[PDB]
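As a basis for the values below, the full set of heavy atoms in this structure was taken, side chains included, without hydrogen atoms, waters or symmetry mates. Residue numbers count from 1 along this sequence.
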Amino acid sequence: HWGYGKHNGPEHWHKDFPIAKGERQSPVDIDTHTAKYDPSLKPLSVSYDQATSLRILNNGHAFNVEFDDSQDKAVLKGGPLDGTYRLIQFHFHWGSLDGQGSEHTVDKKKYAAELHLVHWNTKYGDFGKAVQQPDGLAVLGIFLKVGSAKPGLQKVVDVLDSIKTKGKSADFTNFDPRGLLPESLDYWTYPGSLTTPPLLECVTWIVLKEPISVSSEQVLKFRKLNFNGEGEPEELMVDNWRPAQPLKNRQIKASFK
Ligand SMILES: OC[C@H]1O[C@@H](O)[C@H](O)[C@@H](O)[C@@H]1O
Ligand SMILES: OC[C@H]1O[C@@H](O)[C@H](O)[C@@H](O)[C@@H]1O
Ligand SMILES: OC[C@H]1O[C@H](O)[C@H](O)[C@@H](O)[C@@H]1O
Ligand SMILES: NS(=O)(=O)c1ccc(F)cc1
Ligand SMILES: NS(=O)(=O)c1ccc(F)cc1
Ligand SMILES: [Zn+2]
C-alpha cells in the first residue's frame, strides 16, 4: 500500500488514486502576496469547549487523536463555511529535520510540522457521506515552528511511547485541543483535498497564519514513532508530508486586510 518512502510515496500515489493529478489537490504553496483579503468571509468560530477526546491511534502514517462526534460538541463554523462542521480527529505531519515537515508552505517556506484538525459537515450525517460531497470537510491547519515548548502539546508527546508502532492505540480522554491553537485566528482559505490517499476533493482548507512554537524535544519525540508494526523492521515515522501541488484554477483568500 501507500506510504512516504521512495517506493510508495507521493510520486507513486497517482497509480492507485488517479485524483492525485486532479484539479484541486492539497497541499499548496500559499503565496502571501497574491492571496487577497475577502470581505465576504464571516467571523471564524472555533468552538471546542465541550470537546470529548477518546483515543490516540498510530495508523502507520501518523497518529490520530480521535473525538466523540456523535453530537454537536467541538465544532468549527463561520469564515468560508456554510453550516456546522464537527471535529472528528486531529493529527500532524512532520519532518526528519526541523527545516521540513509541513504540507502547506508559505512563500515556499517549509515549517517543521503541521497540525490538521479535521471536521465534517453535519448536513451530510456521517464522515463517510461527507467525503462524497464537494463541501464535506473542513480542515484547520496550524504550522509548528521550533522554539519554546507548547504546554498543551506535552500530554500528546508523553503518550507516544505507548503507541510506537502501527496498530497501537491508547486511551486519550480529557484532552483539550484548545491548547494547540496560536493566539490569532487570522487565516488563509482555499478549496482542496485530503493530503493522503484517497486524496478526495472534499475539503475547505483554513490555514492559520500564526504558527505555534513547540520545543525541539517535543518534535524529536514525534520522530521516535514507527511506520511499521510491532516486530517488523523499524522505519522511523518521519517525513510523512506530501509536497505542494499545482494551484490550478484556484485563489487563496485571506481573512485579514
Ligand atoms: O478535558 C478536556 C476538555 O473537555 C471538555 O469536555 C471540557 O468542557 C473542557 O473544559 C476540558 O478542558
Ligand atoms: O472579476 C473580479 C473578481 O475576480 C475574482 O477572480 C476575484 O476573486 C474577485 O475578488 C474579484 O472581484
Ligand atoms: O488528556 C489526555 C491524557 O493526558 C494524560 O496522558 C493523562 O494521564 C490521561 O489521563 C489523559 O487521557
Ligand atoms: N500507488 S501506491 O498506493 O502508492 C503503491 C505504490 C507501490 C506499490 F507497490 C503499491 C501501491
Ligand atoms: N491530511 S488531511 O488532509 O487532513 C486528512 C484528513 C482526513 C483524512 F481521512 C485523510 C487526510
Ligand atoms: Zn493531515
Side-chain angles (χ1 to χ4, degrees), residues 2-5 9-14 17-38 40-41 44 61-62 79-81 90-119 134-135 137-147 180-182 184-214 219 222 238-256:
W2 67 269
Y4 291 95
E11 302 311 303
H12 289 272
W13 294 350
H14 71 101
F17 306 94
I19 202 174
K21 297 181 183 296
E23 298 297 305
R24 60 136 147 168
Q25 290 289 292
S26 294
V28 300
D29 182 53
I30 300 167
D31 180 332
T32 68
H33 291 104
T34 299
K36 192 184 178 188
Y37 171 64
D38 185 351
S40 76
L41 293 168
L44 188 69
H61 305 295
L81 303 175
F90 69 78
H91 62 274
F92 303 79
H93 305 261
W94 62 91
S96 52
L97 305 167
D98 296 346
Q100 62 204 52
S102 66
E103 299 209 299
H104 295 89
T105 55
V106 179
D107 298 327
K108 297 297 179 73
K109 175 192 171 64
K110 295 174 164 75
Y111 286 89
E114 186 174 330
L115 166 60
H116 290 162
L117 293 129
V118 181
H119 313 75
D135 62 350
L137 300 181
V139 183
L140 181 60
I142 304 179
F143 296 117
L144 282 60
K145 67 180 181 176
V146 172
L180 297 174
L181 306 177
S184 178
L185 295 177
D186 285 351
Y187 66 84
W188 298 284
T189 185
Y190 75 98
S193 74
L194 304 180
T195 69
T196 50
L199 300 171
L200 298 173
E201 290 180 339
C202 309
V203 182
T204 301
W205 278 94
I206 299 169
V207 179
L208 298 189
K209 173 172 176 291
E210 187 174 19
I212 62 166
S213 291
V214 304
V219 69
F222 287 11
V238 295
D239 293 317
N240 58 352
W241 51 276
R242 190 189 194 190
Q245 301 301 308
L247 190 60
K248 300 189 169 174
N249 183 37
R250 292 179 287 183
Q251 291 177 324
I252 303 178
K253 297 299 192 179
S255 70
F256 52 87

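The only member of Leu208, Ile206, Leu140 that meets side-chain contact (heavy atoms from CB on, under 4.5 Å) when paired with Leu185 is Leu208. The side chain to side chain donor-acceptor pair (under 3.5 Å) with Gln25 is formed by just one residue from the set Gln245, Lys248, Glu201; it is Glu201.
Put simply, the side chain of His14 never gets that close to the backbone of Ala20: no donor and acceptor are under 3.5 Å apart. When atom types are taken as modelled, the side chain of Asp186 and the backbone of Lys209 share no donor-acceptor pair closer than 3.5 angstrom. Side-chain N or O atoms of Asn240 include one that pairs as donor or acceptor with a backbone N or O of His61 at under 3.5 Å. At distances below 3.5 Å, at least one donor-acceptor pair connects side-chain atoms of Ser255 with backbone N or O atoms of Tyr187. The backbone N or O of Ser102 lies less than 3.5 Å from no partner atom in the side chain of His93, so there is not a single donor-acceptor pair. Side-chain atoms of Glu210 do not come within 3.5 Å of backbone N or O of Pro182 as any donor-acceptor pair. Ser213 contributes no side-chain N or O that, together with a main-chain N or O of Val146, makes up a donor-acceptor pair within less than 3.5 Å. A donor-acceptor contact shorter than 3.5 Å links the side chain of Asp31 to the backbone of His33.
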Derivation of the side chain to side chain contact (heavy atoms under 4.5 Å, CB included) call for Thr195 and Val203: CA-CA 10 Å; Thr195 69; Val203 182; over 6 Å; no
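Looking at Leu199 and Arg242, their side chains come closer than 4.5 Å, going by heavy atoms from C-beta outward.
Counted by atom type alone, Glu23 and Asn249 present zero donor-acceptor pairs between their side chains at under 3.5 Å.
Here the CG-NE2 distance, from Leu117 to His91, works out to 9.0 Å after rounding to the nearest 0.5 Å.
Aromatic ring centroids of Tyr4 and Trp13 lie under 6.0 Å apart. Between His104 and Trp188, the ring center distance fails the sub-6.0 Å criterion.
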